[PDB]
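Participant: Structure in structure tokens, see below.
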Amino acid sequence: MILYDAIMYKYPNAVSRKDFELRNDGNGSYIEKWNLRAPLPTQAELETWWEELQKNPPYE
């Protein structure tokens, strides 16, 4: 899965390559640098955002 998508689901006002630095693993992109005043999300949290995002298509 991709962290970027999950982050964009919960934090629409957060800027990538700015507030948080992403790194490309190849199987996905995850969090390298964290400059946000927010606790580091847990596995369950990361999965839940993905679960909620993929089970519910955003209103594009």
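In the structure tokens, the first chain shown is A, the next is B, and so on; residue numbers restart at 1 for each chain, and ligands run from 1 in the order shown.
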Set the distance at 12 Å and use only C-alpha atoms: which residues neighbour residue 57 in chain A once local chain neighbours fewer than 6 positions away are removed? I'd like the list as a PyMOL selection string.

Facilitator: chain A and resi 5+9+50-51

Participant: Hey, can you spit out that residue selection with N, CA and C atoms as a JSON list (two decimals), in the first residue's frame?

Facilitator:
[["chain", "number", "residue", "atom", "x", "y", "z"],
["A", 5, "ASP", "N", -1.34, 8.07, 0.10],
["A", 5, "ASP", "CA", -2.80, 8.02, -0.02],
["A", 5, "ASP", "C", -3.47, 8.10, 1.34],
["A", 9, "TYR", "N", -5.80, 11.09, 3.00],
["A", 9, "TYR", "CA", -7.15, 10.80, 3.45],
["A", 9, "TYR", "C", -7.44, 11.51, 4.77],
["A", 50, "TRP", "N", -6.41, 3.23, 4.86],
["A", 50, "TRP", "CA", -6.42, 2.53, 3.58],
["A", 50, "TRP", "C", -7.74, 1.79, 3.39],
["A", 51, "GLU", "N", -8.19, 1.13, 4.44],
["A", 51, "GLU", "CA", -9.43, 0.39, 4.42],
["A", 51, "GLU", "C", -10.61, 1.33, 4.15]]

Participant: Among chain A, which residues carry a DSSP assignment of alpha helix (DSSP H), reported as an mmCIF file with N, CA and C atoms, in the first residue's frame?

Facilitator:
data_model
loop_
_atom_site.group_PDB
_atom_site.id
_atom_site.type_symbol
_atom_site.label_atom_id
_atom_site.label_comp_id
_atom_site.auth_asym_id
_atom_site.auth_seq_id
_atom_site.Cartn_x
_atom_site.Cartn_y
_atom_site.Cartn_z
ATOM 1 N N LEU A 3 1.593 5.078 1.684
ATOM 2 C CA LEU A 3 1.384 5.946 2.822
ATOM 3 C C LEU A 3 0.796 7.284 2.393
ATOM 4 N N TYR A 4 1.255 7.771 1.245
ATOM 5 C CA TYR A 4 0.809 9.051 0.702
ATOM 6 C C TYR A 4 -0.718 9.126 0.623
ATOM 7 N N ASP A 5 -1.340 8.073 0.105
ATOM 8 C CA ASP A 5 -2.795 8.019 -0.021
ATOM 9 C C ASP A 5 -3.467 8.101 1.342
ATOM 10 N N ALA A 6 -2.972 7.308 2.281
ATOM 11 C CA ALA A 6 -3.510 7.289 3.636
ATOM 12 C C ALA A 6 -3.393 8.660 4.303
ATOM 13 N N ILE A 7 -2.232 9.291 4.149
ATOM 14 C CA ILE A 7 -1.998 10.614 4.720
ATOM 15 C C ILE A 7 -2.940 11.642 4.100
ATOM 16 N N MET A 8 -3.146 11.544 2.791
ATOM 17 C CA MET A 8 -4.026 12.474 2.083
ATOM 18 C C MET A 8 -5.482 12.274 2.484
ATOM 19 N N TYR A 9 -5.799 11.094 2.998
ATOM 20 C CA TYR A 9 -7.153 10.803 3.445
ATOM 21 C C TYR A 9 -7.443 11.508 4.769
ATOM 22 N N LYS A 10 -6.485 11.462 5.685
ATOM 23 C CA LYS A 10 -6.691 12.014 7.016
ATOM 24 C C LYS A 10 -6.264 13.484 7.092
ATOM 25 N N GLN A 43 0.270 0.866 12.818
ATOM 26 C CA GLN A 43 -0.064 -0.065 11.744
ATOM 27 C C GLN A 43 -1.567 -0.112 11.523
ATOM 28 N N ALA A 44 -2.297 -0.329 12.605
ATOM 29 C CA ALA A 44 -3.756 -0.366 12.559
ATOM 30 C C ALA A 44 -4.325 0.924 11.968
ATOM 31 N N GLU A 45 -3.762 2.058 12.375
ATOM 32 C CA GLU A 45 -4.200 3.359 11.877
ATOM 33 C C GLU A 45 -3.968 3.473 10.374
ATOM 34 N N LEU A 46 -2.752 3.145 9.947
ATOM 35 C CA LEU A 46 -2.383 3.201 8.543
ATOM 36 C C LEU A 46 -3.300 2.312 7.710
ATOM 37 N N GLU A 47 -3.550 1.108 8.209
ATOM 38 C CA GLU A 47 -4.425 0.172 7.529
ATOM 39 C C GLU A 47 -5.853 0.693 7.481
ATOM 40 N N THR A 48 -6.338 1.230 8.596
ATOM 41 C CA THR A 48 -7.707 1.735 8.674
ATOM 42 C C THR A 48 -7.960 2.838 7.646
ATOM 43 N N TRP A 49 -7.016 3.762 7.506
ATOM 44 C CA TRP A 49 -7.148 4.830 6.519
ATOM 45 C C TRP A 49 -7.228 4.247 5.115
ATOM 46 N N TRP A 50 -6.414 3.231 4.861
ATOM 47 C CA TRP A 50 -6.419 2.534 3.580
ATOM 48 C C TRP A 50 -7.742 1.794 3.389
ATOM 49 N N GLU A 51 -8.190 1.127 4.441
ATOM 50 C CA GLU A 51 -9.434 0.393 4.423
ATOM 51 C C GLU A 51 -10.611 1.326 4.154
ATOM 52 N N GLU A 52 -10.603 2.489 4.788
ATOM 53 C CA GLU A 52 -11.679 3.452 4.619
ATOM 54 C C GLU A 52 -11.604 4.155 3.263
ATOM 55 N N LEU A 53 -10.394 4.322 2.745
ATOM 56 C CA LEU A 53 -10.192 4.994 1.467
ATOM 57 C C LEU A 53 -10.532 4.069 0.302
ATOM 58 N N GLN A 54 -10.156 2.808 0.423
ATOM 59 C CA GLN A 54 -10.361 1.855 -0.650
ATOM 60 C C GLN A 54 -11.769 1.267 -0.635
ATOM 61 N N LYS A 55 -12.440 1.282 0.513
ATOM 62 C CA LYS A 55 -13.817 0.793 0.571
ATOM 63 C C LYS A 55 -14.792 1.913 0.223
#

Participant: Quick check, in Å to one decimal: how far apart do CA of residue 17 in chain A and CA of residue 2 in chain A lie?

Facilitator: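 Atom-to-atom, CA of residue 17 in chain A to CA of residue 2 in chain A, that is 14.9 Å.
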
Participant: Which of these residues is nearest to residue 11 in chain A, using only C-alpha atoms: A:42, A:36, A:27, A:60?

Facilitator: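 Using only C-alpha atoms, residue 11 in chain A sits closest to A:36.
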
Participant: At what distance in Å, to one decimal, does CA of residue 39 in chain A lie from CA of residue 26 in chain A?

Facilitator: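 CA of residue 39 in chain A lies 25.4 Å from CA of residue 26 in chain A.
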
Participant: Enumerate the residues of chain A with a DSSP assignment of strand (DSSP E), computed from the backbone, and present them as number ranges by chain.

Facilitator: A: 20-24, 29-34

Participant: Please produce a file of those selected residues containing N, CA, C and O atoms, as a tab-separated table (two decimals), in the first residue's frame.

Facilitator:
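Final file, again_34.tsv:
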chain	number	residue	atom	x	y	z
A	20	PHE	N	5.90	16.57	5.46
A	20	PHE	CA	6.39	15.22	5.61
A	20	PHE	C	7.15	14.80	4.36
A	20	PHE	O	6.72	15.08	3.23
A	21	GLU	N	8.29	14.17	4.56
A	21	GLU	CA	9.12	13.71	3.46
A	21	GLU	C	8.83	12.25	3.18
A	21	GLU	O	8.86	11.42	4.09
A	22	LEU	N	8.52	11.93	1.94
A	22	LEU	CA	8.24	10.56	1.55
A	22	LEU	C	9.46	9.95	0.88
A	22	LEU	O	10.28	10.65	0.29
A	23	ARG	N	9.56	8.64	0.97
A	23	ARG	CA	10.64	7.92	0.33
A	23	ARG	C	10.07	6.77	-0.49
A	23	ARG	O	9.10	6.13	-0.07
A	24	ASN	N	10.66	6.52	-1.64
A	24	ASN	CA	10.15	5.50	-2.55
A	24	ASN	C	10.86	4.17	-2.33
A	24	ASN	O	12.04	4.03	-2.65
A	29	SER	N	5.47	4.14	-1.25
A	29	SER	CA	6.20	5.27	-0.69
A	29	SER	C	5.79	5.48	0.76
A	29	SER	O	4.59	5.50	1.06
A	30	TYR	N	6.77	5.60	1.65
A	30	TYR	CA	6.49	5.72	3.07
A	30	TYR	C	7.12	6.98	3.66
A	30	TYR	O	7.77	7.75	2.94
A	31	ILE	N	6.93	7.19	4.96
A	31	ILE	CA	7.36	8.41	5.62
A	31	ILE	C	8.83	8.33	6.03
A	31	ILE	O	9.24	7.44	6.79
A	32	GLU	N	9.61	9.27	5.53
A	32	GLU	CA	11.02	9.37	5.88
A	32	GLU	C	11.19	10.42	6.99
A	32	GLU	O	11.67	10.12	8.08
A	33	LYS	N	10.75	11.64	6.70
A	33	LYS	CA	10.88	12.75	7.63
A	33	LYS	C	9.50	13.20	8.10
A	33	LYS	O	8.57	13.29	7.30
A	34	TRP	N	9.38	13.50	9.38
A	34	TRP	CA	8.11	13.90	9.96
A	34	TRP	C	8.24	15.23	10.69
A	34	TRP	O	8.93	15.32	11.71
